[PDB]
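# Coordinate inspection notes
Given next are the chains, with one letter for each unit.
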Amino acid sequence: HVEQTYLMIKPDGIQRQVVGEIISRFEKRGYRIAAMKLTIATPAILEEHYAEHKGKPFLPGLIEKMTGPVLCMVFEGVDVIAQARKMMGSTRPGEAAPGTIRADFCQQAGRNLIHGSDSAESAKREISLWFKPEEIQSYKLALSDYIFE
Amino acid sequence: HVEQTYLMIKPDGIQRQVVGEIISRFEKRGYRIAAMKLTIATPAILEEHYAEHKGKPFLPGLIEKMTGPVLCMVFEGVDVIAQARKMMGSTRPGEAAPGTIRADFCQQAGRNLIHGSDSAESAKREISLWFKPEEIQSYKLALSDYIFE
Amino acid sequence: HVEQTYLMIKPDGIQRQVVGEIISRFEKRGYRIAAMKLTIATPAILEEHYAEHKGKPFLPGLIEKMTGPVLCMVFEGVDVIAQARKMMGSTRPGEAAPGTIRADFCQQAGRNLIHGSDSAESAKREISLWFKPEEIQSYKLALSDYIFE
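Residues numbered from 1 in each chain as written, not as in the entry; some residues may be left out. Chains lettered and ligands numbered in written order. Heavy atoms only, no water. Residues with missing side-chain atoms left out of burial classes, pairs and counts.

Per the PDB record, the structure was determined using X-ray crystallography to 1.45 Å resolution.

Right under this line is the structure:
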């Protein structure tokens, strides 16, 4: 039983030119790229993405940092929602475990390179927000017999 | 005092073509390759390898997964038996620490890329099962003065 | 608010020829190289570097191991003193976390590749010991807006 999660490379990942390295970490585990799109995030879409934080004092500055190119992604794998969160590490890079993306690349939570859905409900909501269903692709990895039990 | 451990790249490691990356992780610590052999594991040798699991319901499926090309290896280093296990990570890739082989490469316990001896006694037995004494090579690493106290 | 830490690649790092890999790990987090110098460490400077250990039985052998080529470095970043220590890992490589320098490269505490200041006071003392003020270079990283909050 595989699932799908929404992962988004933030403008710092684009500008620091580590997109390929990020994607490689997920491919390395045999996670399948089900969707991928470069866009420029705008305030209106970011307000929906961060709807839970509406009205909080940090939100305007967060939206400013996130207004920029982003890489929208859907990855598929066993337990991939929780596993992608583990691979990213703590939101605060100083707290993140060695070997996680945030510990390996970042210093502060406001520039922490990447977002991943925190739950199945948020993955469904985020995938619907950032992608049209047409953009989710169905295919099977040829190495499946050696990735899955 | 150094010791020697038995490490085996399972068919998923061969088929996903990550053999070199696996070997590089052990070489990076100054562990010495004392033996290395590509073979195809067969049910009869795997029954002996997995002797501790005789009679258990999961043994037949385990032997099927492991029937295939494998890379038999012996690495030498300080505390290398326990350290190689730490480097491999937990049996379940989803529980393994980031930076371990299983966390970085795998999704499920039944395709977890690599075996390593779990104790001094199992290392001695496994090395003897998969290698004849004439296959174990003794030489000194030129950087020994900078690897060992 | 950034700080500066003193990091020194020990003779084993030089001789194993992993200087570039070590530097890349710190650059990867957006830490700024503020100073760098190759020298051959002398007993006189090492006695002051290891002043905390004066009179201990292991000091003479520690100085001997360190009398060789070293790369003196200053890196700047948020919380970089504590963070560099976390990236180095435990003094004993066998106790260090996977993904740390010592766990990934080393076997024994007496050859553990790198030194880093352990506190604000130690960083200030060690930077002043190994570098003259004119050797500390002040410049701004062009990617600062994407590294810092």
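Moving on from the model shown.
### Re the relation of the copies chain C and chain A
For the pair chain C and chain A, the best superposition has an RMSD of 0.3 Å and corresponds to a rotation of 119 degrees with a translation of 0.1 Å parallel to the axis. Classification of the inter-copy transformation places it as that of a three-fold axis. Among all residues of chain C, the one whose C-alpha sits closest to the rotation axis is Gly99(C), at a distance of 2.8 Å. A distinct binding surface is used by each copy, with only 6% of the interface residues of chain C retained as interface residues in chain A. (Least-squares fit on C-alpha atoms. Contact = heavy atoms within 4.5 Å.)

### A closer look at the UniProt feature "binding site: AMP" (unreviewed entry) in chain A
Residue and element names in this part refer to chain A. In the numbering used here, UniProt assigns the "binding site: AMP" (unreviewed entry) feature to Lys 10, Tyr 50, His 53, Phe 58 and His 115. As for its placement among the helices and strands, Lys 10 is situated in the loop between β1 (3-9) and α1 (11-15). Ignoring sequence-local partners within four residues, the contact set of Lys 10 consists of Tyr 50, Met 66, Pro 69, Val 70, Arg 102, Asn 112, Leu 113, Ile 114 and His 115. Mapped onto the elements of the fold, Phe 58 is located in the loop between α3 (43-49) and α4 (59-66). Of the residues examined, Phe 58 reaches a relative accessible area of 42% and is grouped as partly exposed. (UniProt positions renumbered as here; feature names shortened; annotations may be inferred. Helix = DSSP H or I, 4+ residues; strand = E, 2+ residues; numbered from the N terminus. Buried < 20%, exposed > 50% of the residue type's maximum accessible area, 1.4 Å probe, protein only.)

### Concerning the interface of chain C and chain A
The interface of chain C with chain A comprises 17 residues on the first partner and 20 residues on the second. Across the chain C/chain A interface, buried area totals approximately 1,700 Å², and carbon plus sulfur atoms make up 47% of it. Contact with chain A buries area across many residues of chain C, yet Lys28(C), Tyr146(C) and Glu149(C) alone supply 42% of it, more than any other trio. Counting across the interface, chain C meets chain A through 1 salt bridge. Between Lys28(C) and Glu21(A) there is a salt bridge whose closest N-O contact spans 2.9 Å. Taken together, the elements giving at least two residues each to the side of chain C that touches chain A come down to α5 (80-88) and α8 (144-147) of chain C. The leading source of residues in the side of chain C that touches chain A is α8(C), at 3 residues. Partitioned by chemical class, the residues of the side of chain C that touches chain A number 7 nonpolar, 5 polar and 5 charged. (Buried area = accessible area lost by both parts, 1.4 Å probe. Salt bridge = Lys/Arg side-chain N within 4 Å of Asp/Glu carboxyl O. Nonpolar A, V, L, I, M, F, W, Y, C, P; charged D, E, K, R; others polar.)

### Focus: the interface of chain B and chain A
A common way to state how big an interface is: give the accessible area lost once the parts meet. If you look at the interface, chain B gives 20 residues, while chain A gives 17 residues. Across the chain B/chain A interface, buried area totals approximately 1,700 Å², and carbon plus sulfur atoms make up 47% of it. Counting across the interface, chain B meets chain A through 1 salt bridge. At the surface where chain B touches chain A, the tally comes to 15 residue pairs in polar contact. Elements with a contribution of two residues or more to the side of chain B that touches chain A: α1 (11-15) and α6 (101-105) of chain B. Looking at the side of chain B that touches chain A residue by residue, the classes come out as 8 nonpolar, 5 polar and 7 charged. (Polar contact = N/O pair within 3.5 Å; in protein donor to acceptor, adjacent residues only side chain to side chain.)

### Notes on the packing of aromatic side chains
Residues and elements named next belong to chain A. Throughout the structure, instances matching the rule amount to 9 aromatic pairs over all chains. Centroid distance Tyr 6 to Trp 130: 6.0 Å. Interplanar angle 10 degrees. Geometry classified as stacked. Remark: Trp 130 occurs in helix α7 (residues 120-130) and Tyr 6 occurs in strand β1; sequence separation between them is 124 residues. Residue classification places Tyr 6 among the buried residues on the basis of a relative accessible area of 0%. Its relative accessible area of 3% is what places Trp 130 among the buried residues. A network of ring pairs unites the aromatic residues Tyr 6, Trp 130 and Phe 131 as a single cluster. A cation over a ring is seen here: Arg 32 above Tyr 139, with NZ or CZ 4.6 Å from the ring centre. (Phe/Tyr/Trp six-rings, centres within 6.5 Å; stacked < 30°, edge-to-face > 60°. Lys NZ or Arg CZ within 6 Å of the ring centre and 35° of its normal.)

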